[PDB]
Structures are given as C-alpha cells and as structure tokens.
RNA sequence: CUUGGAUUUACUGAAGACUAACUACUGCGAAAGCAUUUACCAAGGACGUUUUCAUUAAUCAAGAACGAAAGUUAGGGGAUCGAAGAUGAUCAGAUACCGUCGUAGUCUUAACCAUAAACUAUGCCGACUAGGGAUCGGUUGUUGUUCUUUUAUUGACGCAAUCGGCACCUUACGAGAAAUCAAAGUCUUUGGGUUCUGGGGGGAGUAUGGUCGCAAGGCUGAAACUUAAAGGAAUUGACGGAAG
Ligand SMILES: O[C@H](c1cc(C(F)(F)F)nc2c(C(F)(F)F)cccc12)[C@@H]1CCCCN1
Ligand SMILES: [Mg+2]
Ligand SMILES: [Mg+2]
Ligand SMILES: [Mg+2]
Ligand SMILES: [Mg+2]
Ligand SMILES: [Mg+2]
Ligand SMILES: [Mg+2]
Ligand SMILES: [Mg+2]
Ligand SMILES: [Mg+2]
Ligand SMILES: [Mg+2]
Ligand SMILES: [Mg+2]
Ligand SMILES: [Mg+2]
Ligand SMILES: [Mg+2]
Ligand SMILES: [Mg+2]
Ligand SMILES: [Mg+2]
Ligand SMILES: [Mg+2]
Ligand SMILES: [Mg+2]
Ligand SMILES: [Mg+2]
Ligand SMILES: [Mg+2]
Ligand SMILES: [Mg+2]
Ligand SMILES: [Mg+2]
Ligand SMILES: [Mg+2]
Ligand SMILES: [Zn+2]
Ligand SMILES: [Zn+2]
C-alpha cells in the first residue's frame, strides 16, 4: 500500500482507486514517485510519468521498482518494415496519410 | 615589463588554486590573489551599548561579536580604498601597516 | 583590430572559402 | 675565505657534516652488544636494524625498526662496540 | 587481510576446491574450515551448513562471488566453495 | 477586522527536571473551538531556549537546547530534549588561524532507542613556551584524534539514556573526557560536543 | 583482418538510413548483442530474449532488464537505495 | 515573570523585516517591514524607517501581552552579503528605547558550508 | 510575485550540485590539477641503511600516455548560475554595461576533441661561485617548559645539526639595453651533454597539398606582393572621468 512506502519511494503499477488492480505507470521505463503522505486525511501525493501531481488513497497499492524493458525508444526503427511489424500486433493505425494530401 | 616578482598573487610551487567571489561585485578571483580582511566587530555601536545594557534583563551581560572574513578582488579593493597605489620602492614592504 | 576578433573574422572567411569550393567540389 | 686548510678540517665541524660530505665518507652507524635482562648471551645487532631480531636463548624481540636507529625493548641494555 | 591469510594458506597448507570435494571432506571429517562464496545458491549453502553443523566445522562466508574466490585462491577458474584441510603458515582457523 | 489575537490562549512550557528553571516561558495558539482544537496544533512544537537560561549560570551561554512538546496537561506543555548546537558567534570566536581544527561525527543509538548524530570539534593548543608561529598537527594525528573522538562518543552514548546523556552534557563531561583521552596524541583546546541531532522519535 | 573501419555491426545496413542513424543503431545494438555476467552463477552466458528479457544459458535464470542492457541506471539506483536503507542504520 | 517572544530581525540591503514571534517561532505576533512605512524604494531600508517600524511593532506587541524578546538578527546570507543591513541596528535600538525588554541577541545569518554558485557571472557585475 | 495570502517565521520532506571558516609567500602530482568522513585497491618523493646489481645512464627525430575550460554524439540527472533568446531601464542609438526570467551548458555514464597569458612568458641533466632567517618531510644529539598518570618506553614544545623540497630577505664579485637576476653568474679570458625554436614588420598561421576529427576545428604550411621601420627597457614632460 502507498502509505506503507516512505517518501521518495519509486513505485510502479499504482492503483488510482483502491482495488482496480493497477492503472498508473505501466509502460516500459516508467514509474511513479511518492512525494509525501497526509495521514490525517489518509491520502498520498504522487508524481506521475507525465509530471502531474496526483492525490490517491493511501490504501492504494503499487509495485516497488521500475518497469522492465526501458530504453526502448532510444533506438531508431530505421524502417517502414520495422514500424509495420510494430503495429501488426498492436492495431490498424499505420501508415497514416496526411489529411492535406486528401 | 614585470611589475611584481610575485605576479600580484601568492602562488609558488602550485598549479591551480580554487577561486572565491568578491564580496562587492561577485567576481571570480583566485583565492591566493584576493584581498582578505578579517573583521571582528561589535554588533551594537558604542552609542547604543548603554541603553541596550540598561534595557538588558541580565546584569553584566556581554554583547556578542560579529565575526566575518571579507574577500575582495583587486578592483573591489582598490575602488574601496582597502589598498592603495604605492611607489615603486614602497611596493616591496610586506609588514602589516601599523595602525591598530 | 583586436587579435582575437581578427582571428574570428579569419575563421569566418576560411569557412566561406571552404563552402565556396565545396559548391563546385 | 681565501686561505683555509681543506686537508685538515677541525674535527668539531667535521663531525657535524653529513655522512657523504666528509673528506672520506664514513658511516655513523655502529654495532652494539645487547644484554636482555632474562639471560646473558652476546648478540650482535646492527644499530639501524630493519628486522625485529630475537635472541636464540629466549624468544624476546631485542629491537624494533624505526625510521633511523632501532628502538631496543625494555630491560635490554646496549654497549657500543 | 583475509585475502592475505587465504593466499598464505593456499600457498603453504592443504585445501580442496569444489562442492563435491568439500562434501567428501566433511563426511570424512578431514575439514578444518569451509568457506562459501556469497553468490552460491542458498539450497547448496544450507546443505553445506547442515553438513558443517553435523561435522562441527566452522563456516566462513566469503563476501565476493565465486570469481573473486577463485582469483583469491590463485586459480584461473571459479570456486563456489572450498575447504581448508590443513592451515599451514596461516592462522585462518585461529582468526576467522 | 477580527483581531485574531483575541482567540489566542497562552500555555506554559515545562522542561525536563534536568534543568533548574523549569518555567521556560509562555506560548500561544488559537483557542480550541469545535472545528479546531488548540491541542493538536500546539503539540509537536519545538522551542529553542539557551542552556544559560535553563541553568541560570552564564557558563552555558554558548549552548542552546531545543525542546519538543509531545504531551499537554491543561495550560502546561510537557517537552522533551530535541537537540544541542553551539552559537554561531562562539564557533566563529573559536575558529582562529595558525591552528588545526579537527571535527568528527557519529550516528548513534541511545539506551532507549533515541537516534542521534553527535558532532565533536576541537582545536590544537599553542603551548606557553612555544616559539614558532603556527601550531599544526599532522594528518595522521588528526585521524588518530578523530578515531578516539568517535569511540568516545560511541561509548558515552550507547551506555546511557537520553536524559542521562543530557546530564553528562551540562557539565561538558564528554568534551573533557575526550580532551583527557587525547593528551598523549596532541594538545587540544576548546574540546566541545558542538551538536546533537534527533533523527527519529 | 579488421573488416570495417567504423561501421562495425551496422555494416549490414549498407549506405542507407543516414550515418547518424546508423551510428545510433550501432551503439544500442552492440549492447543488445553483448554477453553479460550472470549475477547468480558467475558465467558469461546471459543473452537477451525479447526486449526486457535476459536469460542465462547455464543456470536457466531469466531476469527482467532493460530493452538493450541488463540494467538501466534507474534500476541500479533503486537496487542501491534499497540495499543501503536495509543493510545499514535500519538493519 | 516576563513572557519571552523571539524578535527575528532580518536586515538586508534592500529592506528591513522586524518580525516578532513567540518563543517557539510558529506563531507570529507582529511583522512590520521598513517598506511599509515609507513610499520610496530608495529608503525602504533607511534607519529612520526601520526604527519607526520597530517602534510600531513594539506598540502592537505590548497590547497583546509580550513583555520581553530574544533577538535574532540576520542578514540576507546564502551566496549574498553576510553583513547586516543598516536598518537592523536602528530597529534594535528603537526596540530597546520603546519600553520593550531585550534578552539574548544572536546572529542567525544563513552561512553555507561551501555554496551553490553565485549570481553575477565570472567577471562580476560591472558598472 | 502579491488579500487567490506574497515576503517573513517554525517543523518536515525531495532534488541535484558544492565542500565556507580552518586556508598559509603551506603540502602533493609530469603537467592539466587535487580540500567533508571512513573502508578498500594499487602507486609516490624524501629520509635511514657497513643490504643487493654493477654503467644498467643523460637528452631525445619517428612513435606514444595524460592533457583546464569551452565544444560534439547518446542515455541519466537537470537544484543554482547562465552563452543564445526574451524582457525593464539608460542612451541620439544601443539587439552593451545595470534589473527580472531563461535554452544549450554547468553534474554524471560511454565515446570524441587536444587547445589556453597550458606562464616562472625562464627546456632537461650535471659541476662550481655569497651571506641570513623562517617553513614542510625524514633522521641524529639535547631543556629553569607543559603534559601521560603518578613517572618512565607518552606526546607536544625548546635548542642544535644535517639531507631533500616550496619560497623569501640583503649585496652585486658577476651578468644584462635596462627593468632586473643566486641565476638571467662561471659568455671575445668565447667549448660539460643534449632536444626544440627564431632571422626586420606585414601578407599570415593565409592559400595549396597531406593527415586526424562526426563537426567545430587541430597538426604541417608557402609564395606573389608590400613596407622603413615595427618592437624592448628606461628618462623628462604632458595628460587621467586614479590616489595624497
Ligand atoms: O527519501 C530518499 C529516497 C530516495 C529514493 C530514490 F532515490 F530511489 F528515489 N528511494 C527511497 C526509498 C526507496 F524505497 F528506495 F524507494 C525509500 C526511502 C527513501 C528514498 C532518500 C535518499 C536515499 C537514502 C535515504 N532516502
Ligand atoms: Mg491501414
Ligand atoms: Mg509519421
Ligand atoms: Mg490528390
Ligand atoms: Mg603596463
Ligand atoms: Mg613539487
Ligand atoms: Mg594554469
Ligand atoms: Mg568602474
Ligand atoms: Mg569544511
Ligand atoms: Mg597541509
Ligand atoms: Mg614528436
Ligand atoms: Mg545530455
Ligand atoms: Mg537546466
Ligand atoms: Mg537565474
Ligand atoms: Mg532594449
Ligand atoms: Mg543581465
Ligand atoms: Mg600553442
Ligand atoms: Mg603564473
Ligand atoms: Mg609557451
Ligand atoms: Mg625539521
Ligand atoms: Mg620575417
Ligand atoms: Mg615602451
Ligand atoms: Zn547464470
Ligand atoms: Zn577583473
């Protein structure tokens, strides 16, 4: 639980609400930083990967550490075939025709 | 030509000395070159040491001093007249001036 | 002129010379 | 000083000189006979010894090496040869 | 310091390198000390220390891995555990 | 407008029995209302009062004690020891040139599980018959003094509770014992335990 | 002999994609094809599976790592912060 | 018999703060600055404005009941100047002359171990 | 930026840097450089030596290591300062000085770059020539001094020698154009060994070629033409929005 982690704790797969089984900081290389606690109101302040500060119930849970597989974006894809294979198992959103060319 | 045998600093048997900032203008000056003055002044001027001693709740209370070490670059010191231009022969004298 | 700024001027003129020869290779 | 007897220096100033700067260089070290209190056995030990020498009779360290002359342990008396 | 003591024991005394040799020496009672590297699997560790408990043999836990224990023993290979059979010029059994 | 000082209630601060003048002073807080109690906003407060005031004597003028309140009994605040520090002017008057300064620190637990950091400071003393201008100690001597300092604070803290340690601090027992223990290493002056910090309560 | 002066592993890409992109591929692709030390058995038998998956051929231990290296700096920092906190003042 | 507060006087070279709190310092009793008593920026830090501000602080504190204070003089500190501004001495003398009683006086100027870079650049601020 | 509670005040926490005072005509390192504690790893000078080897040495084209800051590529970090930029003043104009923000950068990890008034503007090794007091390291002899502990084998301090250093003060036998110099002396009474560089000022560290570098650039590097001086140190005066 978020209240059981001291300030500055790097945590991952954090619950927005008690029991949704993980919502925040689930992508590769990402995490949530625990900024501080407010025990009187039973709330915890965290910093999300986007840089936003959020107030979550202190009963919400998270997993200690950084999500594995980080640094993936550092390498160029270099190829249309590489982007094709990337989205072949994600969804039909590639390639994109520019609207000005329609 | 060469003006000072010490090159205006105090670096001998040394390569580099870490710098300090002038108190007045914040100029980076090498620590050996800076004009340094140690001042230990009373926090209250002698005019007010009386009314403050009468207003003191302690009988025979010593006023604490203010300890400070001031660092000046050559420009800061010359402008503030901490040091002055001396004659060619008077430059060599390294005893502290006899004033205090 | 100041020697340092004259040097910068000469560096800029070498740059121009190099680009001009590179134009026709 | 233009005239001075270089071949016969005064022995007082000659003894203050560094060991390599005399007319003929000569070591200032010597050997001593050290008597431990426990027994009586002559053991020759170098004055500027670098080893913790122990006598054969009793396994007692006679001297401990220092930067210069070795320091004799307590109860050990030395006599210069 | 323990590296110097271990180098002296390997140079002058007797030892066995390897799990099978250590277990044989514990069965035969010929072991004076068993040294186990830090990255040894825990199941093997708790088995070596059950053998050492039965044999009444001290255990030293090396802080480095089997690569550092191997290079400490002057070997060009990895040593996961070792037993000291005869401390010679060293005093490791008297110090550990 | 409203003069928020009409709603302030004065409370008394009580020091441990280790000091003499237990009437530390007065504090104030918003009066307890239905929505907000005076107690919760008044407990947890830290008061910094000079040890010369806590002891009457002027020999302690350069040390000042932090007292942390953690229980309230009516109009009285029951404080506990929170820390020690030297005054800035005293330290600046002790740090001269042409002498060696030696410092040490240690993280230590009390008998009652009070986590402290204790900072010790000392300076080389110039002998009365000394002629040379400077009085410098070799870095090896400074390391040996620092080690003796470290093991003395460790012994004199791990063997006692926080109240007893405070009773040791008031007559400067630790500084004099460090000075006595380091006589055979190098002459020292102004040997003080200049700061103690509570980390966790 | 030495076969390529500077392209190295990116010599499979020929003249395409731009030199900056090819040297950017080379930096991370040497890391993803390197052999790493196993923290469990000590052998140099750790190789990447898919991204984030690092297997040891010898002891058959799989560890979660970075996309192209076994450990990222953020993970190294968390490992060291946790080891301190514990094996220290807090026991 | 007296009730001590803590008079935290911050005298920089651009302004002068006379801030009277309680003994703990978590409760502020009176805070009048030298910039609140004059309409010129060039003399917001004047000794006259600091003394008048301190006298008004003493008058407001007295009607609340604080009868004695400890003095904590400070300068700007940090990477900036370590000498107190000209108004802190006048505000202190005015406080002493206003019937308020003075206890211990200490300097609490923030002095860094080493520092964190100082503004002005390598060549300093020219003019 | 501020009645949306700024600034200030106390407690708590988080980030990165950085190591004040102590800090010096003091230390170490080949230089660049190096300043919180402790542990670990491997180095180093000097000193002491009646230990060991015996010319193994000195300086060095080619060839190498390191090399402040800035700068380049990619991650990390990115508090403070802050090129560029934005902004408020001043001004005839200021895209300058001054004020408030601010991106690269400042920090770190993998690689590059190889330049500084990188200065002691003084190559390295060796010998000799003059007095003095300080100081750091080591060694060797010794106190009307304080101290361990109550004393010794405590340590500190004091007095002498010595070797090595960082330097300093006086004189000028001597050198120099002089400023000045214990080396910049032992140079027309010219020769201890050796490496590098210069031949009036510009053109010009330019053009070209080569080579290294991702780039910025680095190293090597002319000629045509032009010119009677450029320059060094000191003297007298004049002037200063420098001091008395
Ligand atoms: O509160 C801080 C803190 C930081 C960090 C980290 F850097 F990883 F984000 N992790 C902390 C953790 C964590 F569990 F490792 F996450 C616990 C407590 C404090 C932490 C400081 C700094 C580390 C040592 C003491 N805690
Ligand atoms: Mg499609
Ligand atoms: Mg697209
Ligand atoms: Mg169309
Ligand atoms: Mg000039
Ligand atoms: Mg040196
Ligand atoms: Mg330099
Ligand atoms: Mg000016
Ligand atoms: Mg410090
Ligand atoms: Mg030193
Ligand atoms: Mg060469
Ligand atoms: Mg970057
Ligand atoms: Mg930034
Ligand atoms: Mg800024
Ligand atoms: Mg403008
Ligand atoms: Mg500006
Ligand atoms: Mg050059
Ligand atoms: Mg220089
Ligand atoms: Mg040069
Ligand atoms: Mg000496
Ligand atoms: Mg010419
Ligand atoms: Mg001239
Ligand atoms: Zn493995
Ligand atoms: Zn300047």
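Read-outs throughout are calculated quantities, based only on the coordinates presented, and are distinct from any laboratory measurement. Counting neighbours? That spans all protein chains shown, and the Cβs are built from the backbone with ideal geometry, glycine included.
Kindly list the number of the only condition in (1) within 14 Å of chain G (Cβ to nearest Cβ); (2) out of contact with any helix residue (DSSP H, G or I) (no Cβ under 8 Å at 6 or more places or on another chain) that fails for residue A:10.
For residue A:10, the failing item is (2).
How many residues does the range G:63-91 contain that are away from chain A (no Cβ under 11 Å) and within 16 Å of ligand 23 (Cβ to nearest atom)?
0
Going through A:8, A:81, A:65, A:70 one at a time, which residue ends up being closer than 25 Å to residue G:83 by Cα and over 15 Å from the mean Cα position of the chain (by Cα)?
Unique residue meeting the criteria: A:8.
Suppose we filter the range B:37-88 for residues that are within 16 Å of ligand 9 (Cβ to nearest atom) and over 28 Å from residue F:91 (Cβ atoms); how many remain?
So the count comes out to 0.
Go through the residues of the range A:66-77 one by one and say whether even a single one is surrounded by fewer than 15 Cβ atoms within 10 Å (Cβ to Cβ), without any contact (Cβ under 8 Å) to a residue 12 or more places away in the chain and more than 11 Å from chain G (Cβ to nearest Cβ).
The answer is no; no qualifying residue exists.
Residues are listed down the side, and each one gets a yes or a no for (1) in contact with a strand residue (DSSP E or B) (Cβ under 7 Å, 6 or more places away or on another chain); (2) more than 16 Å from ligand 2 (Cβ to nearest atom):
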residue	(1), (2)
A:7	yes, yes
A:61	no, yes
A:76	no, yes
A:85	no, no
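Report, by residue number, each residue of the range H:110-127 that is more than 9 Å from chain B (Cβ to nearest Cβ) and either without any contact (Cβ under 8 Å) to a residue 12 or more places away in the chain or within 11 Å of residue H:9 (Cβ to Cβ) (or both).
Hits for the range H:110-127 are H:113, H:114.
Kindly evaluate residue G:35 against the criterion of being surrounded by fewer than 17 Cβ atoms within 10 Å (Cβ to Cβ) and under 9 Å from the mean Cα position of the chain (by Cα).
yes
Quick one: how many residues across the range D:64-81 are under 15 Å from residue D:38 (Cα atoms) and surrounded by 11 or more Cβ atoms within 10 Å (Cβ to Cβ)?
Residues flagged as under 15 Å from residue D:38 (Cα atoms) and surrounded by 11 or more Cβ atoms within 10 Å (Cβ to Cβ) within the range D:64-81 amount to 5.
Just to be sure before I move on: is residue B:7 over 30 Å from residue H:75 (Cβ atoms) and surrounded by 11 or more Cβ atoms within 10 Å (Cβ to Cβ) in the structure I sent?
Yes.
Give, as residue ranges, the strands (runs of 3 or more DSSP E) completely inside the range F:83-201 that count at least 2 residues that are surrounded by fewer than 16 Cβ atoms within 10 Å (Cβ to Cβ).
F:101-109, F:115-124
Residue F:65 fails exactly one of the following numbered conditions: (1) under 19 Å from the mean Cα position of the chain (by Cα); (2) farther than 30 Å from residue B:59 by Cβ; (3) surrounded by 16 or more Cβ atoms within 10 Å (Cβ to Cβ). What is the number of that condition?
Every listed condition holds for residue F:65 apart from (2).
Answer yes or no as to whether residue H:49 is over 27 Å from residue F:24 (Cβ atoms) and either away from chain B (no Cβ under 13 Å) or not in a loop (DSSP other than H, G, I, E, B) (or both).
yes
For the subset of the range H:20-46 comprising residues that are closer than 26 Å to residue F:15 by Cα and in a strand (DSSP E or B), which member is nearest to the other protein chains (Cβ to nearest Cβ)?
Out of the qualifying residues, it is H:29.
Which ones in the range E:30-72 are touching a helix residue (DSSP H, G or I) at 6+ places or on another chain (Cβ under 8 Å) and within 13 Å of chain G (Cβ to nearest Cβ)?
E:37, E:39, E:40, E:44, E:62, E:64
Against the condition in contact with a strand residue (DSSP E or B) (Cβ under 6 Å, 6 or more places away or on another chain) and free of Cβ contacts under 8 Å to residues at least 24 places away in the same chain, how does residue F:88 come out, does it pass?
Judged against the criteria, residue F:88 is a match.
In the range H:1-19, which residues are in a loop (DSSP other than H, G, I, E, B) and closer than 20 Å to residue H:38 by Cβ?
H:12, H:13, H:14, H:15
Just checking, which of H:72, H:60 is touching a strand residue (DSSP E or B) at 6+ places or on another chain (Cβ under 8 Å), in contact (Cβ under 8 Å) with a residue 40 or more places away in the chain, surrounded by fewer than 21 Cβ atoms within 10 Å (Cβ to Cβ) and outside any loop (DSSP other than H, G, I, E, B)?
H:72
Inside the range H:83-109, can you point out the residues that are at the interface with chain B (Cβ under 7 Å from one of its Cβ atoms) and in a strand (DSSP E or B)?
H:101, H:102, H:103, H:105, H:106, H:107
Could you tell me which numbered condition residue A:11 fails, if it satisfies all but one of (1) in contact with a strand residue (DSSP E or B) (Cβ under 8 Å, 6 or more places away or on another chain); (2) within 25 Å of residue A:72 (Cβ to Cβ); (3) surrounded by fewer than 16 Cβ atoms within 10 Å (Cβ to Cβ)?
(3)
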